[PDB]
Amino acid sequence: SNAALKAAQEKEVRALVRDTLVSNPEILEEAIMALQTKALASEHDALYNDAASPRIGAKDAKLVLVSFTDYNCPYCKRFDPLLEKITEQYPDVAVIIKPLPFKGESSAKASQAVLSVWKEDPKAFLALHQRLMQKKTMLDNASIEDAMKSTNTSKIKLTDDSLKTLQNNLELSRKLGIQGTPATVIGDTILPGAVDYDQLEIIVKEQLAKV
């Protein structure tokens, strides 16, 4: 006929699609990882070549981690020093910061602050980034203003343009299927959540050995 399969065979194939996925649902996980790998490739320039995205470490770094993070995210605050320590112990490693507004208004405001500072004065970014991360309270307008005053960045205006960069980060995180912070792109892998320094150190080395 016009079909290579018999109708009875077609019916069994359809049943086998269900049975295979229900009995071996790990296939779905593998498929999602494959979808993530393709997303990393398609969004590569947004990840690594966005001039508006702050960078910690050498511009000439041979490995670049991409940190999707939130200044109001508790394990982001605790993980960020570990990311920065990698750049200190491994000069060939840099970290790109992708602030996200996940935890609400103050997160967006904080992100707007660091992104505006980065554009106006890149060298001044790190101090504010760190001050916001080490803050032990949920951020608000007053505390963010204090952070900028305390890092000598209070002269720098928060721009509407920086909110577009922030929106790009948000769109990027969605395209990569990231729905939690901290999320860290390391080579072909997206690390979900914080990890201790030794594990991070191992993972970056495994990726350093691939260059």
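Numbering starts at 1 and follows the sequence shown.
The deposited model assigns a higher average Cα B-factor to 56-64 than to the other stretch when 154-162 and 56-64 are compared. Mean CA B-factor, 71-79 versus 132-140: the higher value falls on 132-140. Among 124, 93, 115, 97, the highest C-alpha B-factor in the deposited entry belongs to 93. Annotation for residue 203: CA B-factor lies in the highest third of the chain's modelled residues. Looking at the C-alpha B-factors along this chain, the one for residue 146 belongs to the highest third. Ranked by Cα temperature factor within the chain, residue 45 sits in the lowest third according to the deposited record. When the modelled residues of the chain are ordered by C-alpha B-factor, residue 20 sits in the lowest third. Sorting the modelled residues of the chain by their CA temperature factor places residue 179 in the highest third.
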